[PDB]
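In: to kick things off, part of the complex as it is:
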Amino acid sequence: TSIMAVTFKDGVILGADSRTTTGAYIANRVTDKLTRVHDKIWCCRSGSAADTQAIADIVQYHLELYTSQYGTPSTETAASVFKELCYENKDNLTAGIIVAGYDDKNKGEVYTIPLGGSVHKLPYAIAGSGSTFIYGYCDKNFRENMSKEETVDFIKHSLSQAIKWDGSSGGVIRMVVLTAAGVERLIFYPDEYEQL
Amino acid sequence: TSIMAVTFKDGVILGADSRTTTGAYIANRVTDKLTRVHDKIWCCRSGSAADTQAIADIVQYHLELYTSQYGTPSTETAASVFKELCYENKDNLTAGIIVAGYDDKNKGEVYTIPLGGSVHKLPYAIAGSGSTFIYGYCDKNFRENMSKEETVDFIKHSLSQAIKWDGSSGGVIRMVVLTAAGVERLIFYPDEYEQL
Amino acid sequence: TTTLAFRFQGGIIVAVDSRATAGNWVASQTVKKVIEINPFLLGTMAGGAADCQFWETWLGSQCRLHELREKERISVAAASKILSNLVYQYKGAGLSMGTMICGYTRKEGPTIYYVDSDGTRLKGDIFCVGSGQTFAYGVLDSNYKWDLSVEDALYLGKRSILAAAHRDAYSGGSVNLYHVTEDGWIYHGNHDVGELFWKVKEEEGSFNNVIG
Amino acid sequence: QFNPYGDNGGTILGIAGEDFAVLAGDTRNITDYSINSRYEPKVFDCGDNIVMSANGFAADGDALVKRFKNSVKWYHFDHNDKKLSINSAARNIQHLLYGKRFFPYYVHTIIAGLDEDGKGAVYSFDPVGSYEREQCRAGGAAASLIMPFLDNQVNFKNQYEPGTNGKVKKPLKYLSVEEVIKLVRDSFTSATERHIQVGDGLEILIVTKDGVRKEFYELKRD
Amino acid sequence: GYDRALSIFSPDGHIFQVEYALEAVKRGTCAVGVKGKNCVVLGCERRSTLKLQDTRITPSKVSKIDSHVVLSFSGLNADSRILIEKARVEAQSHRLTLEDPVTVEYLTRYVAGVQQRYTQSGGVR
Amino acid sequence: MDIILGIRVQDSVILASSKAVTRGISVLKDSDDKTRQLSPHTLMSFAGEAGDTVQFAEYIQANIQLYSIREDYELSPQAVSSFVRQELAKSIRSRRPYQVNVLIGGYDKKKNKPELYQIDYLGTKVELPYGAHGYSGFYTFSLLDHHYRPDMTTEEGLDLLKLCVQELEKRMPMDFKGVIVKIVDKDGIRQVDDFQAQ
Amino acid sequence: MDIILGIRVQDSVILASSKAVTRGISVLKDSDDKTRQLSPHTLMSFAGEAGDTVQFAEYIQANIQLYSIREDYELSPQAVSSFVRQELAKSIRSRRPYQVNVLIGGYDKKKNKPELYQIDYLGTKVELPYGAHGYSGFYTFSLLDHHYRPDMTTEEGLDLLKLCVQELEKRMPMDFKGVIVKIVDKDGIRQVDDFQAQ
Amino acid sequence: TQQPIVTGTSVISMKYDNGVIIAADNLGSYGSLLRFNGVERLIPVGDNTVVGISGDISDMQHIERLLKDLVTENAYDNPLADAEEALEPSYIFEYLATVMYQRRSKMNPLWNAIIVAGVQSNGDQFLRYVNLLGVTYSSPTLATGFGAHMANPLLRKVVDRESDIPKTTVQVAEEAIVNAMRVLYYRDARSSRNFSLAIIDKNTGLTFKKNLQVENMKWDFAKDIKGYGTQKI
Amino acid sequence: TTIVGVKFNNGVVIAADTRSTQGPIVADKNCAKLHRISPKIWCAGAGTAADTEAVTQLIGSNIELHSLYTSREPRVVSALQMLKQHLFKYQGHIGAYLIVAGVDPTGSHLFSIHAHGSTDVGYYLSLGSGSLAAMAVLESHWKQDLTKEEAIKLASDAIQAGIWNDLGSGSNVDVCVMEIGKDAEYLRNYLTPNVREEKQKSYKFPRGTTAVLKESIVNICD
């Protein structure tokens, strides 16, 4: 699995490969790893699929009840609920989650909750087995305040490399753009990113 | 450890960090990982220091006796002797070796002998714990027939990234340029490559 | 540790060593392995120092409570069973104790009960408990007669613990003697093996191996 | 996996005189091959003229001492400020220790004071409550080096009356506070010489009918 | 759940539920016991509000608690069963832990304790 | 293990149980009676785990006596064995199971027939002419498969047991210190005090 | 383990060895002689691992007899025990060590004195007034520490052993089936055929 | 029982004549991956206390939340919250020590090594350590992890015993601390060049310096070193 | 153990503490850890003591024989090569960790060898349990082109860091200076900052104190 979230001028973008394996077998080659916990608060999951799905479902439940009582939640608040679940249940969970959301006041934000359940706010984050291979690439090519087109390119190149070296990553590249304008879903097929 | 060899227009260049650790302790911060087995045939070592040194010393011995009887050995022949030692003794060895040499007929060549003892001829190769972090970077930035200046830059940037993410890598960056002109030793200090 | 208790014509003889260990480390040579539950009840200790001490002291409090409640001295059978049933509740938890509850009651006469942490409870005339038990049995069994004089019985018990203190690396220190009649127990002193051995050797002509 | 126990080193020593008692302990605290502190008190005045040290796993030693001190406090609250006699403290400690019989306070504890007759008294405990009153006792890392010495110099073991053909034992005359402080100091300089966890400093607490006094001596720091 | 204080003090210092409990006893058939020099005898009377019973099976008034002790009563029959069962159980338990059957005073002290307890526990008469 | 044997003849059930109680390297007692009377006509023998053994025997005894007093009646041998089986069957799936095997010998005064029930710690119950727990069975089942007869008298049964004990005293590695023999019949339970040389 | 005992009195060394040979659940033999004569005045008893035991005894016997023939002389008891100790000491560090303990009783015709040597499978040798291998020692050393005397006659020695065997037949868990007793003195080695009731 | 995931390395400290100094780098390691670089491991509580934490980061964040709550809670119905009844460094420590020992006692430790540095209301310096086992101790200098092995030897050369405290100035002390951080950067493979340092002085108050960097490093001699024994070029 | 090697303008120096330990007990309060490979090639070892000592004498023996055979002074790289190939052959079972230094016809040298057979070259090195305390000092004061005197000081200070802060080290400091043009100078107990204080008492026993059972003369002559 290769997943990342990148903040930019107009907000933030989440991207991910679509491969889920059980051993060397590809159980799903078109998985959708971009998970919606609120209108403009999404997350990328890594680790146990059963665990991250159970986590996401609970978070979504909490944000829905939160909205009903106190209105739209901040991305920080969403990252906090994920954290609470991952930290408090660290012994029985294997979940690496990247939270990304667009706020009108705070614009785009990215929080990464790694294995232990700690939280880290960052300009951009990468995770998943395939991420080790792009630490160098991303560090050298990331810039703050990029444009939607530049961000989609940064993510598309970064992930194509992750898919290239990591057998656990592959399939198509999915992206979710979160801005004041709304929510946009993007998809990129192999025949395109394989030749970058 | 972060090590690599890159062939280019005028021959080939070997580079490496200088950190050797025993746990989280840095036993040597100025190690010289560029090992000479012949005038223009060097190698970068990874894995067990005891093992790779014993291997290198034996290879050097074989190439010296080879020269005495049949003249200068091809880089392919040197890679072959390493291979023989690593393959035949795979059960008792933990050695990852990159062989690089300059021949007048064959110009620069690079051979990588990973853990199993298999041999792979390549335009360039990276190895060591720190190498996982630069697969993406190197794949995107490598070009064949680069110039000495470009190659030294590619290696300097690649390794600075490896040193940046891998705690097992660090110190200075050493390089060895192998061309018809001879042998040149280069060194780059932290205060320089840390800000690239 | 080596402890013994045996019944005979003149009542009961109780003898114990006083060595405490922590493996091969001699922790102490002056520990009391006999507890005086009451004027007519004695308890011996072997196994875990803390377990024995703690639970047998607790046993005393339970026996005392019985006397306040029933306005009558507790029987040896019932006292030994309090301990036996307590220990059985803890079966599997790692308690370690080899114990003997010895006493007198008009109703039972001289009585001895062996009780251990496995939950085993046995009434009997002769028992030797502890790492040195077999050494004591060797001497005691081959000189025991129901018709021993209080004087001879007291000596056999003392000589048996001495045997054990000599051969068992984990037994030693001194010998603490007791005699039980229907008038209660009678303490018969603390005998340091440091001097008791040489005396017994000379006077008896035994321990013929050791050079003196 | 997680190991709830650790070893902080240290050595403690307690000797009882006719009308006084002492509890000593080096002030060095260690972890493996490093020194955590060269001065971290390990012997405490718990009130009612009782000194105590729980040596071994320091966190357990501190929790115990803290729990006992609080015990004394409540003893006063519940029994019209009655003084807690040393023998009563000992039994009390036994229950505190045995209370954790299945997850023990990994410490070797010793307490000192005067009994109800004004005589010097020393009590030492096993990690789970096994205790006995004694004339002297070494605890901690160098216990194996020091106890033998004490059996010889405090209780005159193996010593005889010269010329009596080893027939007359050396009489058990009793030690003065001055003679005891000498044995203590010599015990610790010896321990500091042969055991790597002993050193830095020695702190003695002397108890008499007039209360608790403290003396401190430097020890080799290597 | 139910723990209402049913047996409580009244201004004169009486506990009417215990007092009325005695009234239920006065209403019960008579029972008597006299001790000889070498025995004890227990006699009970038999009501006659309805006669056409099967004497074989109809529960008798004198009950054996153990092989050496008996118990008779006057009052609510249903209630007596509860006390007899508890007594029988305590008798066996006593033999089991003391390795000796109960004395008559001990067994009495036990039954009495059960009765007392039901006079100052919530939710029970 | 200890020796626990049982044989049902014409009008009685005989139970033989070893007298030794050994711990480690020492035979602590040689007069142990591994039996408990559950009711005037029902006897139970037992072998197994050090403390569990008696605790179980006495717990069962306590319950049967309670039933006897409450009902002023004596449960049949079959009834008592079913009660014992259920207790063991519950135990095997509990936190710390009773590790005890038992033989229940009883004389059913209603049917006027002796009965022998063999039950292991798992709650496995079976009714037999003769039974045994432990290694004993390995030499006694075939011995009895050969010498046993339905119509045997109590006296013949005792001679049959003697043949068993002799075989055990010959081939078994341990010194079980002889056995205590008890007879259960229409008149109750009595102990044959003379088996040390019958 | 098996019972191997030895006692050196005034003018002889007596060896007592259990007769049982048990495997698993069965006593296969009850007349086993756990001894080998190494020379007219030297006897060796042994206990230990199933097959190693005799193989070792016979191997030693073969060597001593060879020496006797070659030298037309009889090695002293001390000489033979040193030879045996060395063999065991070599064995303990070999591929598969001999797991055998032995007692060597011999009468030294040159010194005119009986000698008893106890040697375990590690090659640990010691000379003693009395010795034992296995669990036996746990009841016999203190017994003999009490009843033994230097100047005892052979007859007193036998009574002393009887006291030992009785203690073992009382407290030991296993039925070792009695012992075979042999006396080694100035006249050689003879077997006391009457110990089954001496 | 657990296992640390994201971790922070050494935390070193010492006391001088007027206060205490404590420092810790800004790295958050993930095994051998130098994963996070903007991690602050020095937590100021009020203005007389700084808590330095090493070990598991997720637990560190938990201890942070606890500390913020301590401040909030101490303010409740406390008219002297910023005066006589403000949080003392010793109160903050005893609290944390309590928690650390309770957690190890439930076989579920907060996987950390902690150093509490500050100045008491009476001006006294405060320096005490507590870790995942609930073990605690004080010394003129205190360091965790690698710093215990490499920083203490250097810091003790400045203050070897109590009587060296009054003879040591903030300049000397801060210099020792900064040098120790450089040494740790040389030999500790889990260290970072960036770090924070804080000073709690009984006169100047609490100074918290962020974004410091190890400077003046010697690497030149590296050029002369070649091979691992016999190699000459 | 704490051992260090430091190169200076015209040579090399090695130093080591003098504490020998078996577990937490100090067996030898003043052993010598500086061994000679040849007259001007000295070595210091940490790890299994018997191993460092044996490996040092074996190569030392062969180095002598090689020197006699080639009529040339022994070279440090030869000791290095022979040691490493030997250690490598034994896959780390010979627990020898060494710092070998010396001067020969080709100059001054400083190397470190590990039990598995790997070697390192440097200007300053440390090994042993005190390795980290010593290195903290070396990383704080080393500089290129040190004078013999500065080197002795730096190396000496390094062992001290280990003596004071490492429980596996203590007692004295041994030094050996190897200067390119002169003989090697071995400075045994160059520093002795840990002298045991005068004991508080004398335990000289009055003759006759010990009970004797039997006595006799022993024959030494043949």
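Out: That came through, no problem. Numbers count the residues shown, from 1 in each chain, chains lettered A, B, ... in the order given.

In: surely residue D:186 is within a helix?
Out: Yes. Judged by DSSP: H, G, I helix; E, B strand; the rest coil, residue D:186 forms part of a helix.

In: contacting residues for it?
Out: I:199-201 (CB atoms under 8 Å, 6 or more residues apart in numbering or on different chains). Quick note: C-beta positions are derived from backbone N, CA and C, even for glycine.

In: contacting residues around the closest residue to it other than its chain neighbours?
Out: Using CB to CB, 6 or more residues apart in numbering or on different chains and skipping residues adjacent in sequence, the residue nearest residue D:186 is residue I:200, 4.9 Å away. Counting by CB under 8 Å, 6+ apart, residue I:200 touches D:182-183, D:185-186, D:189.

In: narrow the contacts of residue D:186 to those in helices?
Out: Secondary structure from DSSP state H places none of the contacts of residue D:186 in helices.

In: in JSON lines, list these along with distance to residue G:24.
Out: Below are those laid out as JSON lines (distance: CB to CB, whole Å):
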{"residue": "I:199", "distance to residue G:24": "65"}
{"residue": "I:200", "distance to residue G:24": "67"}
{"residue": "I:201", "distance to residue G:24": "66"}
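
In: could I get the contacting residues of residue D:98?
Out: With CB under 8 Å, 6+ apart, residue D:98 has these contacts: C:50, C:54, D:128-129.

In: just curious, which of those is nearest to chain B?
Out: Nearest to chain B among the contacts of residue D:98, counting by CB to the nearest CB, is residue D:128 at 36.8 Å.

In: where does the closest residue to residue F:63 other than its chain neighbours fall, secondary structure wise?
Out: Distances taken as CB to CB, 6+ apart place residue F:83 nearest to residue F:63, at 7.3 Å, with adjacent residues excluded. Under DSSP states H and E, the secondary-structure element containing residue F:83 is helix F:77-91.

In: which helices and strands does that helix pack with?
Out: Contact here means 3 or more CB pairs under 8 Å, 6 or more residues apart in numbering or on different chains; DSSP states H and E; on that basis helix F:77-91 packs against strand F:42-48, helix F:52-71, strand F:100-108, strand F:113-119, strand F:125-127.

In: what lies in contact with the fourth one?
Out: Residues from elsewhere that reach strand F:113-119 (CB under 8 Å, 6+ apart): F:6-13, F:77-78, F:81, F:84-85, F:88, F:101-108, F:125-133, F:184-185.

In: rewinding a little: tell me the angle of the helix holding residue F:83 relative to strand F:113-119?
Out: Between helix F:77-91 and strand F:113-119, the angle comes out at 10 degrees (axes from the mean of the first three to the mean of the last three CA atoms, to 10 degrees).

In: what comes up buried for helix F:77-91?
Out: F:77, F:80-81, F:83-85, F:87-88, F:91 (16 or more other CB atoms under 10 Å in any protein chain shown).

In: and those residues, which two are the farthest apart?
Out: Greatest spatial distance among these (CB to CB): F:77 and F:91, at 21.1 Å.

In: what about the biggest helix by length in chain A, distance to the chain center?
Out: For chain A, the longest helix by residue count, based on DSSP H, is helix A:49-70. From the chain centre to the centre of helix A:49-70 is a distance of 16 Å (CA atoms, centre = their mean, to the nearest Å).

In: who are the packing partners of it?
Out: Counting by 3+ CB pairs under 8 Å, 6+ apart, helix A:49-70 packs on strand A:34-38, strand A:41-47, helix A:75-88, strand A:95-103.

In: list the buried ones in the first one?
Out: It stands for strand A:34-38. For strand A:34-38, burial by neighbour count (16+ other CB under 10 Å) applies to A:34-35, A:37-38.

In: ok and the residue in chain F nearest chain I?
Out: Nearest residue of chain F to chain I: residue F:24, at 33.2 Å (CB to the nearest CB).

In: please, where are all the helices along chain H?
Out: Here chain H has its helices, by DSSP H, at H:57-75, H:89-105, H:146-155, H:170-187.

In: here's chain J, drop it onto the model above:
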Amino acid sequence: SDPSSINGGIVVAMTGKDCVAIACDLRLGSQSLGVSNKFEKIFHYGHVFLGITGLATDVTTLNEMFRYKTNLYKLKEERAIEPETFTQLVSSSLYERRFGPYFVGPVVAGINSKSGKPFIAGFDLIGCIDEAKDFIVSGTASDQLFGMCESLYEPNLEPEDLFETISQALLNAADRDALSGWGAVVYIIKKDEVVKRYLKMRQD
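Out: Chain J, in position alongside the others:
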């Protein structure tokens, strides 16, 4: 399991004024079972004394080995081996079995016949030489011995005095060890004569 704790036993050597002393206990047991109270652990070859603690079979074997080597040495050298030389012989003989060691704790004591200088040394099971000037300890009660020696010892004791000191060190250390004791023997060595005394001690 631990070869060094099966049989039990201790040895201690001390230097005095123109003299040396070496003592040992007499116990030989098998775990808890005491088996022999006559097992001496001191041996001598000419004027060189060797005490050996540890696994009894190895104690015996090593003594026979050194008697054998010192015998040949004398026949070839035509002189009795000296303490210093013997110490080296012990060391190399032990290390020669580096990966299959004898489980012992040897101790050498003696006076160099030419220099008259007293000598003592200890070794670990694989030959590492411990050369202290004051004392050397070995065995199951070695911790206790280190404690007694460090406390009781003082330089240049006269033979008669060194005897009291060595004996008290051995005796009190042995009494805190379950596997040591059961009798003891002390050797007082002087250039000209050697006295051997059996001590009276606790027998438990």
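
In: with chain J now part of the structure, what is the answer for the contacts of residue D:186?
Out: Contacts of residue D:186 by CB under 8 Å, 6+ apart are I:199-201, J:151.

In: ok, and what's touching the longest helix along chain C?
Out: Using DSSP H to define each element, chain C has its longest helix at helix C:49-70. Residues outside helix C:49-70 that contact it (CB under 8 Å, 6+ apart) are C:20, C:27, C:31, C:33, C:35, C:37-38, C:41, C:43, C:45-46, C:72-74, C:78-79, C:82-83, C:86-87, C:95-97, C:99, C:117, D:94, D:97-98, D:101, D:126-131, E:106.

In: so is whichever helix or strand comes after it next to chain F?
Out: Once helix C:49-70 ends, the next helix or strand along the chain (criterion: DSSP H and E) is helix C:76-89. Yes. Contact between helix C:76-89 and chain F, assessed by CB under 8 Å from any CB of the partner chain, occurs at residue C:88.

In: does helix C:76-89 reach chain E?
Out: Yes. Counting by CB under 8 Å from any CB, contacts between helix C:76-89 and chain E involve C:77-78, C:81-82, C:85.

In: now these: which count as buried?
Out: Here, 16+ other CB under 10 Å leaves C:77-78, C:81-82, C:85 buried among the residues of helix C:76-89 next to chain E.

In: and of the residues you listed, the nearest to chain A?
Out: For those, the nearest to chain A is residue C:85 (38.8 Å; CB to the nearest CB).

In: counting neighbours, what do you get for the residue in chain D positioned nearest to chain C?
Out: At 3.5 Å from chain C, residue D:130 is the closest residue in chain D, using CB to the nearest CB. Neighbours of residue D:130 under the rule other CB atoms under 10 Å in any protein chain shown: 22.

In: just the angle between the lengthiest helix in chain D and helix H:89-105, please?
Out: Longest helix in chain D, counting residues (DSSP H): helix D:58-78. Between helix D:58-78 and helix H:89-105, the angle comes out at 110 degrees (the same axes, to 10 degrees).

In: so which of the contacts of residue D:186 comes closest to chain A?
Out: Distances from chain A to the contacts of residue D:186, taken as CB to the nearest CB, are shortest for residue J:151 (51.6 Å).

In: kindly indicate whether the one residue in chain F that gets nearest to chain A is helix, strand or coil.
Out: Nearest residue of chain F to chain A: residue F:95, at 24.5 Å (CB to the nearest CB). Under three-state DSSP, the three-state class of residue F:95 is coil.

In: residues near it, how many?
Out: The local packing of residue F:95 (other CB under 10 Å) involves 6 other residues.

In: roughly how far does it sit from residue H:57?
Out: In this view, residue F:95 and residue H:57 are 40 Å apart by CB to CB, to the nearest Å.

In: likewise residue D:99?
Out: 36 Å.

In: for residue 14, give me its contacts.
Out: Since no chain was named, I'll use chain A. Contacts of residue A:14 (CB under 8 Å, 6+ apart): A:3-5, A:34, A:42-44, A:98, A:100, A:175-176, A:178.

In: correction: the question concerned chain I.
Out: Per CB under 8 Å, 6+ apart, neighbours of residue I:14: I:3-6, I:34, I:42-44, I:99, I:101, I:155, I:175-176, I:178.

In: am I right that it is in a strand?
Out: Yes. The assignment for residue I:14 by three-state DSSP puts it in a strand.

In: that one bridge partners, please.
Out: Using DSSP bridges, the bridge partners assigned to residue I:14 are residue I:5, residue I:176.

In: what's the spacing between it and chain E?
Out: Relative to chain E, residue I:14 is positioned 77 Å away (CB to the nearest CB, to the nearest Å).

In: repeat that for residue J:197.
Out: From residue J:197 across to chain E, the span is 61 Å (CB to the nearest CB).

In: for the helix or strand harbouring that residue, packing partners?
Out: Here residue J:197, judged by DSSP H and E, is contained in strand J:194-199. Helices and strands touching strand J:194-199, by 3+ CB pairs under 8 Å, 6+ apart, are strand I:212-218, helix J:159-174, strand J:184-190.
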